[PDB]
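[1] Fold the following for me, if possible:
(chains A, B, C, D, E and F, ligands or ions: 2)
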Amino acid sequence: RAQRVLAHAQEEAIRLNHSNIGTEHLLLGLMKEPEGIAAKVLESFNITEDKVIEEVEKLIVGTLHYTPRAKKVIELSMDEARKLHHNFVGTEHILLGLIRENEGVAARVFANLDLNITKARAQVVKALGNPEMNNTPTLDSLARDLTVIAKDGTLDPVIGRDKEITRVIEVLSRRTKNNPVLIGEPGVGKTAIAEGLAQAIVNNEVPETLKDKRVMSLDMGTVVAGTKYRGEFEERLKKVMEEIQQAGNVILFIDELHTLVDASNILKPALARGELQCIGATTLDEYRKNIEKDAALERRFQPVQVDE
Amino acid sequence: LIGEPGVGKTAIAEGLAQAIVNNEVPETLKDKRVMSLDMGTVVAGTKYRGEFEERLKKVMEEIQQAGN
Amino acid sequence: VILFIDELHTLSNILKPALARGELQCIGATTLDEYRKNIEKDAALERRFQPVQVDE
Amino acid sequence: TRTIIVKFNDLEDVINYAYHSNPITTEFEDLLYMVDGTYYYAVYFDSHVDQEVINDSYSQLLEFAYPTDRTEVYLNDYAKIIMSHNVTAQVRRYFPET
Amino acid sequence: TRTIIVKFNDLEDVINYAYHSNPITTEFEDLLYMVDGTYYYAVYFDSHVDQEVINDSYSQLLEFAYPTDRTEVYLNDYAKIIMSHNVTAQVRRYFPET
Amino acid sequence: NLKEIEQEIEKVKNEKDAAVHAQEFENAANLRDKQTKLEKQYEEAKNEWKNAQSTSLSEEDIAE
Ligand SMILES: Nc1ncnc2c1ncn2[C@@H]1O[C@H](COP(=O)(O)OP(=O)(O)O)[C@@H](O)[C@H]1O
Ligand SMILES: [Mg+2]
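    Numbering: from 1, shown residues only, chains lettered A, B, ... in the order given. Ligands and ions are numbered 1, 2, ... in the order given. Below you will find the coordinate block:
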């Protein structure tokens, strides 16, 4: 970062023989560094160093401290760095901080030199900006994306579930019933299997077929918003379905698949037609009690055992 | 079409559609459209009274007008 | 911010944009009848919510 | 107006302004008010002082204090006068540097 | 304007321009900047060079380069000067043919 | 097992960029020549791979 203005502040304080370090000193230091974005932008408004020096002299030992307003300006400039510029702060951030806090000797100099605030802010934004100036909206809102988490690196690692991941991979590569179901007791790592599959997709370990397929965890918490209106949940289920259809690269993880087997008549044509690829997680008792009874669901889902 | 699961009833319907396309059916069905309707789609988004009946009636009127 | 929502049972997928990844820290409260019926039966709530029993 | 007021949160800020500020070589009359612990600084300029020195001061106070949140009439009513005609001298004489 | 800024994604594109481009027999000064690995090319023509020739050279530059995504002020602040006053000549003399 | 060429390609490219960032042009040209050689070797490995890129379903595969 450019700390040479802060280094100037004391030097110009001694040079003018003042008993404080104010906003006018900081402006003088921005003038002192001509390379700065703030210096060039303010020079574009015909605000040059000698005019600032004359205005400060017209306007306005050893125990020199930044005035509370100078500290406030610095804090605001750090807060202005929340404009997706990470920790590093620049001269234009300091200028934006001075612009926002339209109070102090610097604000008085701006008013005295007839400098517009909004125009200066727009100039700084344009200088920082770019001179030269698909998606499933509903699925991305009610479902948790695992591939984006894996790319971000926030996803926790998966250890030792290589056989289960390979089994899921080979099930997903089928032509007719490429829908794996993870069978195991709660808390054994069934969701970890899907997370590891997402990691393998990101780490370029999956085969060519699943090279660029996203793994979206269709959380079934409150997809069933209202159980009394006729078609209120069917409508949003159909919407999620046609969004998944229009972008044929979405692998879907449905935790507790037995809760949806109300939605059998809607998911059945899509699964049988190949527009949706699903990964389910259930318990062995629930699987036997719900899914095995219906021969239609068996013709779509392939069980994978996840052991403790 | 009545049968045990996995015998080929949907395959029978698809084969009829393919026969229509390949034109090996009688003259009475030469240019018929085989349209697969799912009742879950028809019942989707039908909270208010009379909406499902209205949709089904419009579908039936369209079938009658088209005649193919 | 630590968000407090009493009558939690009156509230998953309404608030996954901050509960799926834990951005909102729920510190809500409810009764045991209203906890076993709709909080214990949800997979997502079991992943994040931890029952802190309040004694007499 | 020839009557400005500024708001000092604490007496530490008043000491900071009295010590570390070199106000413009101007003549003025200073009074200190206090309500609910908040210090209000009122300075009155004669008929020869320009508003530019007033905004410069109001910024040095603003560099050491906050803008007034109470009108002049309210302070003359409820605020107790603490110092008059000499603020900086008496705080410098009694209080030491920070 | 008198400043033309173009962006090179990689060094191979810079070498391609340095060897395969035949600029109009014009007088100019060129510098090569670098931020975050991306290369930027700046050329400054004399006051006597017309604007039409400037646009012509800029459109010749776009064959090997992309339009700049950062302003000249940002480049002068943050970007590091890699080469000065002779970019094509020094790239040609240092790096060999593709 | 071809992965043992991509990582060195990445390392050589990063060293390339770091070296040119410091105005070190001779080291830059040497590193670029090494990068081109390594890229050609990786392309040759991919070539041997696609030359190796038939499997038949036997009765035993179904018995299993
Ligand atoms: N094989 C594994 N590797 C790494 N972490 C695991 C593994 N299995 C389980 N975990 C961790 O333990 C927790 C168990 O939850 P999980 O078993 O995924 O729930 P469910 O079985 O309901 O999907 C997870 O949060 C996960 O972080
Ligand atoms: Mg069928």
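[2] which ones are touching residue 43?
    Just so you know, I chose chain A. residue A:34 (Cβ atoms under 8 Å, 6 or more residues apart in numbering or on different chains). In short, each C-beta sits where N, CA and C put it, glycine included.
[3] think we crossed wires, I meant chain D
    The neighbours of residue D:43, taking Cβ under 8 Å, 6+ apart as the test, are D:4, D:28, D:29, D:30, D:31, D:57.
[4] Narrow those residues to just the buried residues.
    Neighbour-count burial (16 or more other Cβ atoms under 10 Å in any protein chain shown) applied to those gives D:4, D:28, D:30, D:31, D:57.
[5] In strands only, show me those residues.
    D:4, D:30, D:31 (DSSP state E).
[6] Specify which member of these is nearest to chain C.
    Of all those, chain C sits closest to residue D:4, with 38.7 Å by Cβ to the nearest Cβ.
[7] burial measure for residue A:286, as a count.
    Look at residue A:286: counted by other Cβ atoms under 10 Å in any protein chain shown, it has 15 neighbours.
[8] With residue A:59 instead?
    By other Cβ under 10 Å, the residues close to residue A:59 number 18.
[9] Same check on the one 3 residues further on?
    The local packing of residue A:62 (other Cβ under 10 Å) involves 5 other residues.
[10] Quick check: it vs chain F, distance?
    Per Cβ to the nearest Cβ, to the nearest Å, residue A:62 is found 41 Å from chain F.
[11] hang on, that residue in a helix?
    No - using DSSP: H, G, I helix; E, B strand; the rest coil, the secondary structure at residue A:62 is coil, not a helix.
[12] interface residues of the stretch 51-200 of chain A facing chain D?
    A:59-60, A:63-65, A:67-70, A:103-105, A:107-108, A:112 (Cβ under 8 Å from any Cβ of the partner chain).
[13] Please indicate which of these are buried?
    In those, the ones that pass as buried (16+ other Cβ under 10 Å) are A:59, A:60, A:67, A:68, A:69, A:70, A:103, A:104, A:105, A:107, A:108, A:112.
[14] Return the subset of these lying in helices.
    A:59, A:68, A:69, A:70, A:105, A:107, A:108, A:112 (DSSP state H).
[15] now, which of the contacts of residue D:43 sits nearest residue A:6?
    residue D:57 (25.4 Å; Cβ to Cβ).
[16] List the residues that contact the closest one.
    Per Cβ under 8 Å, 6+ apart, neighbours of residue D:57: D:4, D:23, D:24, D:43.
[17] again, only this time at 7 Å
    By Cβ atoms under 7 Å, 6 or more residues apart in numbering or on different chains, residue D:57 lies in contact with D:23, D:24, D:43.
[18] that older thread, and the ones in strands among the buried ones among the contacts of residue D:43 as JSON lines, adding distance to residue A:292?
    As requested, those are exported to JSON lines (distance: Cβ to Cβ, whole Å):
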{"residue": "D:4", "distance to residue A:292": "84"}
{"residue": "D:30", "distance to residue A:292": "90"}
{"residue": "D:31", "distance to residue A:292": "90"}
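[19] Show me which of the residues you listed is closest to ligand 1.
    Nearest to ligand 1 among those is residue D:4, at 62.3 Å by Cβ to the nearest ligand atom.
[20] So the closest one is in contact with residue D:54, correct?
    Yes - counting by Cβ atoms under 7 Å, residue D:4 does reach residue D:54; the two are 6.0 Å apart.
[21] What count of nearby residues applies to residue 2?
    All of this is about chain A. Residue A:2 has 22 neighbours, counted by other Cβ under 10 Å.
[22] I was thinking of chain F, sorry if that wasn't clear
    For residue F:2, the count of nearby residues is 10 (other Cβ under 10 Å).
[23] Ok, residue A:298 next?
    Counted with other Cβ under 10 Å, residues neighbouring residue A:298 total 16.
[24] From chain C, how far out is it?
    Applying Cβ to the nearest Cβ, the value for residue A:298 to chain C is 23 Å.
[25] From residue A:177, how far off is that residue?
    Distance check for residue A:298 against residue A:177: by Cβ to Cβ, to the nearest Å, it reads 9 Å.
[26] residue in chain D nearest to ligand 1?
    Closest to ligand 1 within chain D is residue D:9: 48.7 Å, counting by Cβ to the nearest ligand atom.
[27] mind listing what that residue touches?
    Here residue D:9 is in contact with D:38, D:66 (criterion: Cβ under 7 Å, 6+ apart).
[28] Then residue A:172?
    With Cβ under 7 Å, 6+ apart, residue A:172 has these contacts: A:178, A:180, A:210, A:277.
[29] mind giving me TSV with the residues you listed and columns for secondary structure, neighbour count and distance to residue A:170?
    As requested, the contacts of residue A:172 are exported to TSV (DSSP: H, G, I helix; E, B strand; the rest coil; neighbours: other Cβ atoms under 10 Å in any protein chain shown; distance: Cβ to Cβ, whole Å):
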residue	secondary structure	neighbour count	distance to residue A:170
A:178	coil	19	9
A:180	strand	26	9
A:210	coil	19	11
A:277	strand	21	14
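[30] any residue of stretch A:18-36 up close to chain D?
    Yes - looking at stretch A:18-36 against chain D by Cβ under 7 Å from any Cβ of the partner chain, the contacts come from A:18, A:19, A:20, A:22.
[31] Just send those residues back as a markdown table, with neighbour count too.
    A markdown table is the format used below for these (neighbours: other Cβ atoms under 10 Å in any protein chain shown):
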| residue | neighbour count |
| --- | --- |
| A:18 | 19 |
| A:19 | 14 |
| A:20 | 25 |
| A:22 | 26 |
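[32] Would you map the strands across the stretch 1-150 of chain A?
    A:144-145 (DSSP state E, counting those that start in this stretch).
[33] Now do the same for the residue of chain D found nearest chain E: helix, strand or coil?
    Nearest residue of chain D to chain E: residue D:63, at 28.6 Å (Cβ to the nearest Cβ). Using three-state DSSP, the structure places residue D:63 in helix.
[34] what about the residue in chain F that chain E sits nearest to, distance to chain B?
    Residue of chain F nearest chain E, by Cβ to the nearest Cβ: residue F:25 (4.3 Å). Look at residue F:25 and chain B: by Cβ to the nearest Cβ, they are 67 Å apart.
[35] Contacts only, for the residue minimising distance to the centre of chain F.
    Nearest residue to the geometric centre of chain F (Cα atoms, centre = their mean): residue F:42, 3.4 Å. Contact analysis of residue F:42 by Cβ under 7 Å, 6+ apart lists F:5, F:9.
[36] again, but for residue A:272
    Contacts of residue A:272 by Cβ under 7 Å, 6+ apart are residue A:300.
[37] State the three-state secondary structure for it.
    Classified using three-state DSSP, residue A:272 is helix.
[38] Where does chain F get nearest to ligand 1, which residue?
    Nearest residue of chain F to ligand 1: residue F:3, at 22.8 Å (Cβ to the nearest ligand atom).
[39] how many neighbours does that residue have?
    Residues lying near residue F:3 (other Cβ under 10 Å) number 8.
[40] Report the separation between it and residue A:60.
    Noted for residue F:3: a distance of 66 Å to residue A:60, by Cβ to Cβ.
[41] how much space between the residue nearest to residue A:155 when sequence neighbours are not counted and residue A:195?
    What sits nearest to residue A:155 in space, not counting adjacent residues and going by Cβ to Cβ, 6 or more residues apart in numbering or on different chains, is residue A:149, at 4.6 Å. Applying Cβ to Cβ, the value for residue A:149 to residue A:195 is 8 Å.
[42] residues shared between the contacts of these two?
    residue A:155.
[43] re the thing from before, helices - which of the contacts of residue D:57 land there?
    Using DSSP H, none of the contacts of residue D:57 sit in helices.
[44] With distance to ligand 1 as added columns, please give those in a markdown table.
    Listed next are these as a markdown table, based on distance: Cβ to the nearest ligand atom, whole Å:
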| residue | distance to ligand 1 |
| --- | --- |
| D:23 | 64 |
| D:24 | 66 |
| D:43 | 65 |
